[PDB]
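Protein chains in written order, with our numbering: chain A, 606 to 901; chain B, 286 to 527; chain C, 47 to 167; chain D, 125 to 182; chain E, 2 to 246; chain F, 229 to 336. From the three backbone atoms N, C-alpha and C, an ideal C-beta is built for every residue, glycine too.
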Amino acid sequence: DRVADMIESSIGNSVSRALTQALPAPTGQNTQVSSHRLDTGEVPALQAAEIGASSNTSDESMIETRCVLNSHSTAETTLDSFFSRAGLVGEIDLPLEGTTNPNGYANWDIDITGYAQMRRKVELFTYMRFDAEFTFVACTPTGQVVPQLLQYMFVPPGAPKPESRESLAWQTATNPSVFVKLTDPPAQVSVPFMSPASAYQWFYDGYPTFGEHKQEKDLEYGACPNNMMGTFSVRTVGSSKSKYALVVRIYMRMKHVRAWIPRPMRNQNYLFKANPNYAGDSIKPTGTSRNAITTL
Amino acid sequence: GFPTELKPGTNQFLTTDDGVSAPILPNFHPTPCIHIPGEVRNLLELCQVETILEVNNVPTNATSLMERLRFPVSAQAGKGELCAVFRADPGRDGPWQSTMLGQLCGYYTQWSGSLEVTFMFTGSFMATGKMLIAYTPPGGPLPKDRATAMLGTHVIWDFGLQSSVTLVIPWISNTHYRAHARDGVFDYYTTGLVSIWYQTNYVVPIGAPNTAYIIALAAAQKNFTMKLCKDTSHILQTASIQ
Amino acid sequence: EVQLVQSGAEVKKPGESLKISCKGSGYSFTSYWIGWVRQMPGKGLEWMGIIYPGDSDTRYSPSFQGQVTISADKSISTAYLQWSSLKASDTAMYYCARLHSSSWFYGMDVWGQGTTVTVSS
Amino acid sequence: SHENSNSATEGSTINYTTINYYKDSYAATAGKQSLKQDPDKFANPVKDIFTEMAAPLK
Amino acid sequence: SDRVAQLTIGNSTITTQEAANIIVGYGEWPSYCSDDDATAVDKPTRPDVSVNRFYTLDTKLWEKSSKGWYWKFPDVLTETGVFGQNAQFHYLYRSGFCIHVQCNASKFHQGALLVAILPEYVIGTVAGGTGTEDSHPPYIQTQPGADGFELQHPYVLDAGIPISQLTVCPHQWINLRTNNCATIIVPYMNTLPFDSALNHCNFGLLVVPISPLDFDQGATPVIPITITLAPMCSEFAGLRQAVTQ
Amino acid sequence: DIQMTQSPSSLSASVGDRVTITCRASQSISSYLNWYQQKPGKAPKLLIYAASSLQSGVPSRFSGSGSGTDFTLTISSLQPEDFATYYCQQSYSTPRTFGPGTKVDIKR
Ligand SMILES: CCCCCCCCCCCCC/C=C/[C@H](O)[C@H](N)CO
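Given below as structure tokens:
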């Protein structure tokens, strides 16, 4: 490193040069006494939205305000105050005589985008890193509590998924498993952040693999293997068919949450799991409408 | 054999319960977190960002949903005409549903603090005009003329090198918090009205369009807070996700 | 619905005084100009004047100023086309209109039924 | 105390006061998050900052 | 002191006299990957001068009925210059961008363009119109390259999300009466320290006319919109044969 | 006073035809020409305002153009209900003169 351009080079400057700093805001900002302004040159009211920034105008500069000591707390708008609430993420049906899961076992690909509420909440951000608390509530379709023994198994990507109610995978030598009774309280476990990346991304603008992207393999667009945490397998523990039809509801409660890249919230009805598709002939305005702009 | 006595609330599953659950992966360590731009610590950070306020929510057909994002301003007779009107309730169905603040308020029951609406004039450089943007506190009906609207809070906006103005809707409320207003008993929580009138006129020389558009952008001030999180009702799902 | 209803068919004599009324319903009244249009039998439309009821402000056509008086009672929301001395050349259809809500430069956007005035001896 | 530090919030500028009964740190309670806000990251991300009284485009 | 600006990088300069400001996305300047955040052990190549420069993309024509367009990054530059060659020859890429959208008109034209950067801009299909077929967008629609793609439903951004909230992301407005250019400096956004420039698009640049273009007969009817962009703090790793996709 | 004129004084066409009438103003009203349609024994009906803006509730086949002193109304496909008298007025000045009128009749 002898030439002057290398000595005064900024190449390799790995430090993050951030123009902002997070400050403690435990409560709403207080208000200051302000009187009339009769002057020239300075116009707090006038802005320039072309710059792409929000208005820095305040009450004090627009009206005559009074000293208000605002002790309102900001603690309920944190990410954990907003995501540490269990919500229905999955439902699995083990009917006695049907077509969905008639053999007393079911495999559910772990995906929290099957239900509108939790999906719309999580998709407010592009990237999320969090631990989870999964609660399993099992009961008959009518809601009765019956004396049945169920096995829940987590099958990470690459482990042998059970093909039947008596497959070898149920030996769960290394796959974490929970044996529960329907008469017991709902099962509850905590899962760590298990992505190969630094965060779960609900949106992946790309293709998982290389090669030609023809019309056939278009369903792989948006598929992120970093979010494919594996499978959840539920079976009735027994060699014989169970006596009762069953339904297992999976509720997820995020905790230790971190989020990046807030994005516009969905205003169209979801159509398919893990897919931003929308009905093109049913596009609706975000809110309600009115006959005229001068009548309310 | 330590004596205990389990109390009511045993075995109940409360969805908003902060407790300790059994880990499934012992000795597991997550992938280390790299620095990612745009981390969010509080939702209020997103409430202070201005998002388009759809005052012109007349159109409904999908072919002209973009006309909903701005409202017209033209040359008038110089009679203090009314340009536009809307409600200042951020968590209420109307123009505010299109804003980020409006959608985040759907997830909370009560809100407090001052709002801000920035109006940007997107006409030609050679066009001039003065507007009167008036906030009418609760109780006062829709002003019938500019003289009545002038009695409430207001700002006179002059088009110029600064294309935008900010009407700050101050927190004028009897309660420390306001629930989301709606028709009926909860109209008690109404925030007021916002009316845009012509102050002098929309003037323009020969060779420039006779009409321009104003774009509204709503946000919350730094004294704004939300409370009592809940499930939103702005959008409801049908034809369950497949 | 926004609408304008006029007095009705009127028959008079050449030299009396007439006052054709027109009431607007479905909208405000002290916010929009109204104005009147004359159509002689077999002829086209002829602009007479415009009245802004709130703070009554009347603009007249030069060919009609001094022959008719346009007024407006905002209390009842009714415009008037008072005549002082009818002439034989006043036989025509008179329409009360309402200028465009978006701007008074955008023409007469609402129209009444029309009143047929016939003055003859 | 003496347990695995394998939570999702480890290695961050946030404060947590949680409760745990296992050796895994991600099994702990959510606890409290420090109330630090950075509105200007999204609201005023301009390279040249301007003041309220100052007209933004001069 | 704020409307005139000169963006100089590499062997390229952009002077603008009707500018507004520089928006630094999320208040973070582009930087190189740190040793702690680094995953790959091979030494990355930093060709900065030959790749960190302003490339001018295609030119769109703003009309009175234009719906808007979107480009995908770094998909636009995958075939342009030394940056494109490095992207094709290397498996892992990392960089921020300085995007400059240019649209000059007279002082009698009026209109407003919203220029925004949406990270992870996944394109949604109309699902057969009625919302029954799980259709997916084609490769040209998801990676339109330097030419870009025109929005079919700008209100929902072809993804089911409102345009009204698109200001939540780093953005600017080209208001013809105020400014004729918009400059956004966006850092490298991704869950990974490095990624492929041929499979994943870090973000999408959306240019949408919110206030329609308008002028009078006799004025120039051609209003071009030009997209220039400069990679910044570019790093490449995983050198092998050149691959286009 | 601004004098308005219309041309042709009266034209004829059949269904599906492309009708076009011109309105000329003495002065230079910028774009404040209004086109009204009136049928026999009926009140005038505003078709076009601002010389180009289509009034709500009007079929798309009507198109207005022009500015200054020359304006044009065009019917892309003439329909049976489009056989009426079309007037152009200027709203720029006072008095707001109406055009002499152009009558469209079925041709044979
Ligand atoms: C004993 C049974 C334990 C069950 C273990 C479940 C593992 C939970 C892993 C975290 C789940 C992450 C949420 C999924 C992400 C998204 O839905 C998609 N994969 C990406 O769009």
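Q. Is D/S125 near ligand 1, in the sense that its beta carbon is under 7 Å from a heavy atom of that ligand?
A. The residue you call residue 125 of chain D lines up with position 1 of the fourth sequence. Not so, every heavy atom of ligand 1 lies at least 7 Å from the Cβ.
Q) Which residue from C/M154, C/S123 and C/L127 puts its Cα closest to that of C/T162? A) Position 116 of the third sequence, counted from the start, is the residue given in the question as residue 162 of chain C. Measuring from the Cα of C/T162, the nearest candidate turns out to be C/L127.
Q: With DSSP collapsed to three states, give me the class of E/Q246.
A: Numbered from 1 along the fifth sequence, position 245 holds the residue referred to as residue 246 of chain E. Here E/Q246 carries a coil assignment [DSSP, helix/strand/coil].
Q. Of all Cβ atoms in chain C, is any one closer than 8 Å to the Cβ of F/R289?
A. In the sixth sequence, residue 289 of chain F corresponds to position 61, counting from 1. Not one chain C Cβ lies under 8 Å of F/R289.
Q.
8 Å is my cut-off, CB to CB: does D/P169 come that close to chain E?
A. Taking the first residue of the fourth sequence as position 1, residue 169 of chain D is located at position 45. It does; some Cβ of chain E falls within 8 Å.
**Q.** Candidates F/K267, F/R336, F/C316 and F/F326: closest to F/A279 by CA position
**A.** In the sixth sequence, counting from the first residue as 1, residue 279 of chain F sits at position 51. It is F/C316.
Q: Can you give me the start and stop residues for the alpha helix (DSSP H) that E/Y140 sits inside?
A: Position 139 of the fifth sequence holds residue 140 of chain E. Counting along the chain, the alpha helix (DSSP H) containing E/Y140 begins and ends at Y140 to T143.
Q.
Contact criterion: CB-CB distance below 8 Å. Does D/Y145 meet it with respect to chain A?
A. Here residue 145 of chain D refers to the residue found at position 21 when the fourth sequence is read from its first residue. The beta-carbon of D/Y145 is placed no less than 8 Å from the nearest beta-carbon of chain A.
**Q.** Close-in-space but distant-in-sequence residues of the same chain around A/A792 (CB under 6 Å, 5 per side omitted)
**A.** Here residue 792 of chain A refers to the residue found at position 187 of the first sequence. Only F741, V783 and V785 meet the Cβ criterion.
**Q.** Closest by C-alpha distance to B/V358, when choosing among B/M411, B/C514, B/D516 and B/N486
**A.** Translated into positions along the second sequence, residue 358 of chain B becomes position 73. The shortest C-alpha separation from B/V358 is found at B/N486.
Q | Closer than 7 Å: A/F739 CB and nearest ligand 1 heavy atom | A | Locating residue 739 of chain A in the first sequence gives position 134, counting from the first residue. Under cutoff, so the answer is yes.
Q: List the residues of chain B whose Cβ lies closer than 7 Å to the Cβ of E/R178, in chain order.
A: Residue mapping note: residue 178 of chain E aligns to position 177 of the fifth sequence, counting from 1. Neighbours of E/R178 across chain B, judged by C-beta separation under 7 Å: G408, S409, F410 and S448.
Q: Using 7 Å as the cut-off, classify the Cβ of C/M154 as near or not near the heavy atoms of ligand 1, replying yes or no.
A: If you number the third sequence from 1, residue 154 of chain C lands on position 108. Not one heavy atom of ligand 1 sits closer than 7 Å to the Cβ of C/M154.
Q) Does any C-beta atom of chain C lie closer than 8 Å to the C-beta of F/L274? A) On the sixth sequence, position 46 is the one that residue 274 of chain F refers to. Yes, F/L274 lies at the interface with chain C (some Cβ there is under 8 Å from its Cβ).
Q | For E/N87, three-class secondary structure by DSSP | A | On the fifth sequence, position 86 is the one that residue 87 of chain E refers to. Helix at E/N87.
**Q.** Amino acids of chain F, ordered along the chain, whose beta-carbon sits closer than 9 Å to that of residue 230 of chain B
**A.** Given a span of 286 to 527 for chain B in the structure shown, any question on residue 230 of chain B remains unanswerable.
Q | Residues within the stretch 363-382 of chain B neighbouring chain C, beta-carbon criterion of under 8 Å | A | Identification of residues in the stretch 363-382 of chain B having a C-beta nearer than 8 Å to some C-beta of chain C yields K364, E366 and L367, given in sequence order.
Q) By the 10 Å Cβ neighbour count, where 16 or more other Cβ atoms means buried, how is E/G130 classified, buried or exposed? A) Stepping through the fifth sequence from its first residue, residue 130 of chain E is reached at position 129. Label assigned to E/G130: exposed.
Q: Let me know the alpha helix (DSSP H) ranges lying completely inside the stretch 357-405 of chain B, each 4 residues or longer, listed in chain order.
A: 385-390
Q | Where B/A412 sits in the DSSP three-state scheme | A | Walking along the second sequence from the start, residue 412 of chain B turns up at place 127. Coil at B/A412, not helix or strand.
(Q) Below 8 Å on C-beta distance, what does F/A278 contact in chain B? (A) Start at 1 with the first residue of the sixth sequence, and residue 278 of chain F comes out as number 50. Simply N495 and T496.
Q. Within the present structure, is the beta-carbon of residue 581 of chain A separated from the nearest heavy atom of ligand 1 by less than 7 Å?
A. The question about residue 581 of chain A has no answer, for chain A in this structure spans 606 to 901.
**Q.** Nearest-angstrom Cα separation, counted from E/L62 out to F/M232
**A.** Your numbering for residue 232 of chain F matches position 4 in the sixth sequence. Your numbering for residue 62 of chain E matches position 61 in the fifth sequence. Taking the straight line from one Cα to the other gives about 38 Å.
Q. How big is the Cα-Cα spacing for A/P767 and A/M859?
A. On the first sequence, position 162 is the one that residue 767 of chain A refers to. On the first sequence, position 254 is the one that residue 859 of chain A refers to. The straight-line gap from Cα to Cα measures roughly 28 Å.
Q.
List, in chain order, every chain A residue whose beta-carbon is nearer than 7 Å to that of residue 208 of chain D.
A. Residue 208 of chain D lies beyond the stretch modelled for chain D, which goes from 125 to 182, so this question has no answer here.
Q: Report the rounded CA-to-CA distance for B/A360 versus C/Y73, giving the unit in angstroms.
A: Here the question's residue 360 of chain B lines up with position 75 in the second sequence. Here the question's residue 73 of chain C lines up with position 27 in the third sequence. C-alpha separation (whole angstroms): 21 Å.
Q: Indicate whether A/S659 and B/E324 have their beta-carbon atoms separated by less than 8 Å.
A: Locating residue 659 of chain A in the first sequence gives position 54, counting from the first residue. Locating residue 324 of chain B in the second sequence gives position 39, counting from the first residue. Result no, Cβ atoms of A/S659 and B/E324 do not sit closer than 8 Å.
Q. With distances taken between CB atoms, is the gap from A/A650 to B/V440 smaller than 8 Å?
A. The residue labelled residue 650 of chain A in the question sits at position 45 within the first sequence. The residue labelled residue 440 of chain B in the question sits at position 155 within the second sequence. Yes, the Cβ-Cβ distance between A/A650 and B/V440 is below 8 Å.
Q.
Could you give the first and the last residue of the continuous alpha helix (DSSP H) run that contains E/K61?
A. In the fifth sequence, the residue the question calls residue 61 of chain E occupies position 60. Segment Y56 to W63 is the beta strand (DSSP E) holding E/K61; no alpha helix (DSSP H) there.
Q. Going along the chain, which residues of the stretch 291-303 of chain B sit with their C-beta nearer than 8 Å to a C-beta in chain H?
A. Checking the listed chains, one finds no chain H in this structure; the protein chains it contains are A, B, C, D, E and F.
Q: Scan the stretch 495-527 of chain B for residues whose Cβ lies nearer than 9 Å to a Cβ of chain A and list them as they occur along the chain.
A: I500, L502, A504, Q506, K507, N508, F509, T510, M511, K512, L513, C514, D516, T517, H519, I520, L521, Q522, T523, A524, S525, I526 and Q527
Q) Just to confirm, does B/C318 get its C-beta within under 7 Å of one of the non-hydrogen atoms of ligand 1? A) The residue you call residue 318 of chain B lines up with position 33 of the second sequence. No, ligand 1 has no heavy atom inside 7 Å of this Cβ.
Q | Reference A/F837, options A/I697, A/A627 and A/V620, closest by Cα | A | Stepping through the first sequence from its first residue, residue 837 of chain A is reached at position 232. Of the listed residues, the one whose Cα sits closest to A/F837 is A/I697.
Q. Smallest Cα separation from residue 585 of chain A: which of A/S894, A/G885, A/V842 and A/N618?
A. No answer is possible for residue 585 of chain A: the residues shown for chain A start at 606 and end at 901.
Q) Hey, which unbroken runs of the alpha helix (DSSP H) at 4 residues or more fall wholly within the stretch 130-210 of chain E? A) 140-143
**Q.** Close Cβ partners of F/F299 (< 6 Å) along its chain, the five nearest in sequence each way excluded
**A.** Along the sixth sequence, one-based indexing puts residue 299 of chain F at 71. Answer for F/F299: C251, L261 and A279, listed in chain order.
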